[PDB]
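J.: Just one file: coords_38.txt, with compact mmCIF, C-alpha atoms.
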# COMPACT_ATOMS: atom_id res chain seq x y z
CA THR A 282 7.32 -36.51 -7.18
CA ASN A 283 4.92 -35.75 -10.04
CA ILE A 284 4.36 -32.32 -8.46
CA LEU A 285 7.69 -31.22 -9.98
CA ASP A 286 6.23 -31.83 -13.47
CA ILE A 287 2.93 -29.97 -12.92
CA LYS A 288 3.36 -26.91 -15.14
CA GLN A 289 0.81 -24.29 -16.15
CA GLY A 290 -0.19 -24.24 -19.80
CA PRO A 291 0.44 -21.10 -21.85
CA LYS A 292 -3.31 -20.38 -22.02
CA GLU A 293 -4.41 -22.21 -18.86
CA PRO A 294 -6.05 -19.95 -16.25
CA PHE A 295 -4.12 -19.78 -12.99
CA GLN A 296 -7.14 -21.14 -11.10
CA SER A 297 -7.11 -24.31 -13.21
CA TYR A 298 -3.35 -24.73 -12.71
CA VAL A 299 -3.65 -24.20 -8.94
CA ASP A 300 -6.43 -26.79 -8.78
CA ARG A 301 -4.27 -29.44 -10.49
CA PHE A 302 -1.21 -28.44 -8.44
CA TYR A 303 -2.95 -28.84 -5.08
CA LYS A 304 -4.63 -32.13 -6.03
CA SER A 305 -1.26 -33.77 -6.71
CA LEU A 306 0.30 -31.96 -3.75
CA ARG A 307 -2.25 -33.08 -1.15
CA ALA A 308 -1.83 -36.71 -2.22
CA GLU A 309 1.97 -37.09 -2.19
CA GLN A 310 3.06 -34.46 0.35
CA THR A 311 5.88 -35.74 2.57
CA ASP A 312 6.27 -33.11 5.29
CA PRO A 313 4.08 -30.14 6.28
CA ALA A 314 7.22 -28.01 5.99
CA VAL A 315 7.90 -29.33 2.48
CA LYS A 316 4.29 -28.65 1.49
CA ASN A 317 4.62 -25.01 2.56
CA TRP A 318 7.71 -24.60 0.38
CA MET A 319 5.91 -26.08 -2.63
CA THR A 320 2.93 -23.72 -2.30
CA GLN A 321 5.08 -20.56 -2.21
CA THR A 322 8.09 -21.49 -4.38
CA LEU A 323 7.35 -24.45 -6.68
CA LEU A 324 3.88 -23.14 -7.57
CA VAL A 325 5.41 -19.88 -8.82
CA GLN A 326 8.31 -21.55 -10.65
CA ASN A 327 6.03 -23.84 -12.66
CA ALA A 328 3.58 -21.11 -13.71
CA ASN A 329 3.55 -19.79 -17.26
CA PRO A 330 5.56 -16.64 -18.09
CA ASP A 331 2.47 -14.41 -17.96
CA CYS A 332 1.43 -15.49 -14.46
CA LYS A 333 5.01 -16.00 -13.24
CA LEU A 334 5.62 -12.30 -13.90
CA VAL A 335 2.65 -11.25 -11.76
CA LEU A 336 3.44 -13.71 -8.95
CA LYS A 337 7.04 -12.55 -8.55
CA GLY A 338 5.76 -8.99 -8.21
CA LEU A 339 3.79 -9.96 -5.09
CA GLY A 340 6.78 -9.84 -2.73
CA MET A 341 7.41 -12.23 0.14
CA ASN A 342 5.12 -15.04 1.31
CA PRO A 343 1.98 -14.37 -0.78
CA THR A 344 -1.08 -16.28 0.35
CA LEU A 345 -2.98 -18.45 -2.11
CA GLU A 346 -5.85 -15.94 -2.17
CA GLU A 347 -3.46 -13.11 -3.05
CA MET A 348 -1.99 -15.21 -5.88
CA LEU A 349 -5.44 -16.14 -7.21
CA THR A 350 -6.54 -12.49 -7.05
CA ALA A 351 -3.44 -11.19 -8.83
CA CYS A 352 -3.59 -13.83 -11.58
CA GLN A 353 -7.33 -13.60 -12.31
CA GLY A 354 -7.66 -13.21 -16.07
CA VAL A 355 -3.89 -12.96 -16.57
CA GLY A 356 -2.85 -14.72 -19.77
CA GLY A 357 -5.94 -13.76 -21.76
CA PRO A 358 -8.29 -10.88 -22.58
CA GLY A 359 -10.16 -11.25 -19.28
CA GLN A 360 -7.72 -9.25 -17.17
CA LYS A 361 -8.58 -6.10 -19.16
CA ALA A 362 -11.88 -5.93 -17.23
CA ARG A 363 -9.86 -4.44 -14.36
CA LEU A 364 -9.16 -1.32 -16.46
CA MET A 365 -12.86 -0.43 -16.78
CA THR V 282 -6.00 20.18 -7.03
CA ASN V 283 -3.24 19.52 -9.57
CA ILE V 284 -2.89 16.03 -8.06
CA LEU V 285 -5.98 14.99 -10.05
CA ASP V 286 -4.08 15.73 -13.29
CA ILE V 287 -0.87 13.85 -12.37
CA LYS V 288 -1.00 10.86 -14.74
CA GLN V 289 1.67 8.27 -15.50
CA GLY V 290 3.14 8.35 -18.98
CA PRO V 291 2.80 5.29 -21.21
CA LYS V 292 6.54 4.57 -20.92
CA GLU V 293 7.21 6.28 -17.57
CA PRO V 294 8.50 3.93 -14.85
CA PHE V 295 6.15 3.64 -11.88
CA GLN V 296 8.89 4.93 -9.56
CA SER V 297 9.13 8.18 -11.54
CA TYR V 298 5.34 8.58 -11.53
CA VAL V 299 5.14 7.91 -7.77
CA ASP V 300 7.87 10.50 -7.16
CA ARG V 301 5.95 13.20 -9.04
CA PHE V 302 2.65 12.14 -7.45
CA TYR V 303 3.92 12.42 -3.87
CA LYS V 304 5.70 15.73 -4.48
CA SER V 305 2.46 17.41 -5.53
CA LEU V 306 0.52 15.49 -2.87
CA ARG V 307 2.70 16.51 0.08
CA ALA V 308 2.42 20.18 -0.90
CA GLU V 309 -1.35 20.57 -1.36
CA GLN V 310 -2.76 17.85 0.92
CA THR V 311 -5.85 19.05 2.79
CA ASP V 312 -6.59 16.32 5.34
CA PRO V 313 -4.55 13.32 6.50
CA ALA V 314 -7.62 11.21 5.72
CA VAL V 315 -7.83 12.66 2.20
CA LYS V 316 -4.12 12.00 1.68
CA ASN V 317 -4.58 8.33 2.56
CA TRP V 318 -7.36 8.00 -0.03
CA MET V 319 -5.17 9.59 -2.71
CA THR V 320 -2.26 7.21 -2.08
CA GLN V 321 -4.39 4.05 -2.39
CA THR V 322 -7.09 5.07 -4.91
CA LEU V 323 -6.06 8.11 -6.98
CA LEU V 324 -2.51 6.82 -7.44
CA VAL V 325 -3.85 3.62 -9.00
CA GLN V 326 -6.49 5.36 -11.14
CA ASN V 327 -3.96 7.71 -12.75
CA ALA V 328 -1.39 5.02 -13.56
CA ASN V 329 -0.89 3.83 -17.12
CA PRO V 330 -2.77 0.72 -18.32
CA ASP V 331 0.29 -1.53 -17.87
CA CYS V 332 0.85 -0.57 -14.22
CA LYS V 333 -2.86 -0.10 -13.47
CA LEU V 334 -3.37 -3.78 -14.34
CA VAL V 335 -0.70 -4.91 -11.86
CA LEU V 336 -1.86 -2.55 -9.10
CA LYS V 337 -5.48 -3.72 -9.22
CA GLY V 338 -4.25 -7.29 -8.84
CA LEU V 339 -2.71 -6.44 -5.46
CA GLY V 340 -5.98 -6.64 -3.52
CA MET V 341 -6.99 -4.35 -0.67
CA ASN V 342 -4.89 -1.59 0.89
CA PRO V 343 -1.50 -2.19 -0.79
CA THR V 344 1.39 -0.33 0.80
CA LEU V 345 3.59 1.93 -1.30
CA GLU V 346 6.44 -0.59 -1.08
CA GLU V 347 4.20 -3.38 -2.37
CA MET V 348 3.11 -1.18 -5.28
CA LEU V 349 6.70 -0.21 -6.11
CA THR V 350 7.78 -3.86 -5.94
CA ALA V 351 4.94 -5.09 -8.16
CA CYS V 352 5.45 -2.36 -10.78
CA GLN V 353 9.26 -2.56 -11.01
CA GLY V 354 10.08 -2.82 -14.71
CA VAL V 355 6.41 -3.04 -15.71
CA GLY V 356 5.79 -1.17 -18.95
CA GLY V 357 9.13 -2.05 -20.54
CA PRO V 358 11.57 -4.91 -21.15
CA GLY V 359 12.99 -4.66 -17.63
CA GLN V 360 10.30 -6.74 -15.93
CA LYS V 361 11.42 -9.82 -17.90
CA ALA V 362 14.43 -10.06 -15.57
CA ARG V 363 12.05 -11.65 -13.04
CA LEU V 364 11.64 -14.69 -15.32
CA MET V 365 15.36 -15.58 -15.19
If you convert what's in this file into structure tokens, what do you get?
T.:
Amino acid sequence: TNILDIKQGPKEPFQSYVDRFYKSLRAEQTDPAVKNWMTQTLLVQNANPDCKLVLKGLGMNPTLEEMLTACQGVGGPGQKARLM
Amino acid sequence: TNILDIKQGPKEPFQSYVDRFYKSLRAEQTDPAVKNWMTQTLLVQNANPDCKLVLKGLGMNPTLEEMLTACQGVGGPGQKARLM
């Protein structure tokens, strides 16, 4: 049940947060159907405001790769490399 | 060739920019293959920095609906409604 407390830090890169989220998820997952709901709903809800904004803009059922791509650099100065 | 000069304003909503972009595009489009390239490359390049960031995070070949969804409210205080 610790997965409900896994929350992204204000300056933590999304990749680091995802890594910690899936480590606790893979250990204590109850059902394969519950695990799917955690990866597409709970993961977004516990992200920081900067990444939570980007994730909610991704529409329905975003894959993990699409989330990692969209959140790369988000929350710091690194995302500005997209603009050049 | 005016389509190359259609650029999103710093405070213009993405929906307004898309509307102006497609109006000029549908009039002067040369090839159906050129039109496809303008909707997925030129549209992103001429967006403002706020929306250009979000669009480049969408990965490969984003549909117009996915772009409109991701950019809703981006560039103003309206996007914060996602976080609550």
J.: Residues around (7.5, -22.8, -10.1), cut-off 12 Å, counting only C-alpha atoms - what are they as a list in words?
T.: residues 284, 285, 286, 287, 288, 289, 298, 299, 302, 318, 319, 320, 321, 322, 323, 324, 325, 326, 327, 328, 329, 330, 332, 333, 334, 336 and 337 of chain A; 364 and 365 of chain V
J.: What are the residues of chain V that have an atom within 8 Å of an atom of chain A, counting all atoms listed in the file, as a ChimeraX atom specification?
T.: /V:330,333-335,337-340,347,350-353,360-361,363-364
J.: One decimal, Å: what's the distance from atom CA of residue A:315 over to atom CA of residue A:297, could you say?
T.: 22.3 Å
J.: Atom CA of residue A:283 and atom CA of residue A:316 are how many Å apart?
T.: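 Separation of atom CA of residue A:283 and atom CA of residue A:316: 13.6 Å.
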J.: Can you measure atom CA of residue V:309 to atom CA of residue V:356 for me? One decimal in Å is fine.
T.: 28.9 Å
J.: List the neighbours of residue A:292 out to 8 Å using only C-alpha atoms; skip same-chain residues closer than 2 positions along the sequence, and give me the result as number ranges by chain.
T.: A: 290, 294, 356-357
J.: Find, counting all atoms listed in the file, the residue in A:311, A:317, A:296, A:305 that gets nearest to residue A:344.
T.: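 Ranking A:311, A:317, A:296, A:305 by distance to residue A:344, first place goes to A:317.
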